[PDB]
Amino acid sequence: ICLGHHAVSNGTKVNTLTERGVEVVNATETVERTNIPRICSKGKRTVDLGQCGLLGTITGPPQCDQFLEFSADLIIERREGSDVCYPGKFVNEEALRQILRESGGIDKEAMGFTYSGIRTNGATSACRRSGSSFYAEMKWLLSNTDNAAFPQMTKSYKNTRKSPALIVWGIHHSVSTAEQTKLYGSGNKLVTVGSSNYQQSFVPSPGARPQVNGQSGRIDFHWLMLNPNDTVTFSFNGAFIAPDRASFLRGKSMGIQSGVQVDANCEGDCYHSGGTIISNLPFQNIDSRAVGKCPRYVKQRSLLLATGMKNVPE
């Protein structure tokens, strides 16, 4: 009597500790290469920001009017997105983004700042609605008349909540020293800000910048987080974009940046900019910067795991 083992015509070359290109009966892939070119978002509360920028949802330019109080398990930023109508930017902008991405959305609340002896309806043609408007969550404070001084005001807001309050203010940088006075009167303008955690102060900086959205002035956007029972105070005298409402993080979420469509037909957990990686495999060779619940990125295109014995033909 004789005994033996099975074999096949064409087997699969694998690599071992000692060999390279040894054919086995059967093998399986370990590295994922198959991508689905859509944001698989089945079962998740999804928010496609589109033209609205993530930081815009706090300040409220026209693009983000529909996102002032959003709520999501999954947040998608888009390339066409924008945090700004009137040209300007955020100091520490990327930290703020990473905060908002995992915030689970935001909840707004009036801070209740009242204004006597100044103007309040500052607007621009860079922020269009009916006509010229402004940031929806902010207020362009101004001198009463078409010139004159600006009283050294002081506003304060206490976070009566159990959660940290996202406070955001703005420094207007006029086109010139002429423009700065026409808006807030002459003199060194100083915006000071403090809390039981924070400590800083701001001066405008008039001067010609190139035109973005049609404007040469800029708006520095700054921010701090107010702890429960802690108070924040705004000592200012001009060149100042006042916060109208504060923000609170709803809960938990994940944030991605992508250029592909949303598909409620498939469920994903590992995302990247070119779609969703659905796989049980321990590794992947698709995107090193993929985020979520993902397999590990590897340089190798393929690593075949033997699922059979040595393959020897006659």
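The first residue of the sequence shown is number 1, and the count goes up from there.
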Seminar exercise, completed: Per the PDB entry, mean CA B-factor is higher for 19-27 or 286-294, namely for 19-27
Seminar exercise, completed: When mean C-alpha B-factors in the record are compared for 155-163 and 88-96, the larger belongs to 155-163
For this session: Return the residue from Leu74, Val203, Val168, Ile241 that has the highest Cα B-factor in the entry.
Result: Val203
For this session: Report the option among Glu102, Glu137, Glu179, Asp220 whose CA atom has the maximum B-factor in the deposited record.
Result: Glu179
Exercise. So where's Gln211 on the chain's Cα temperature factor ranking, which third?
Worked result: middle
Exercise. C-alpha B factor of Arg79, ranked within the chain: lowest, middle or highest third?
Worked result: lowest
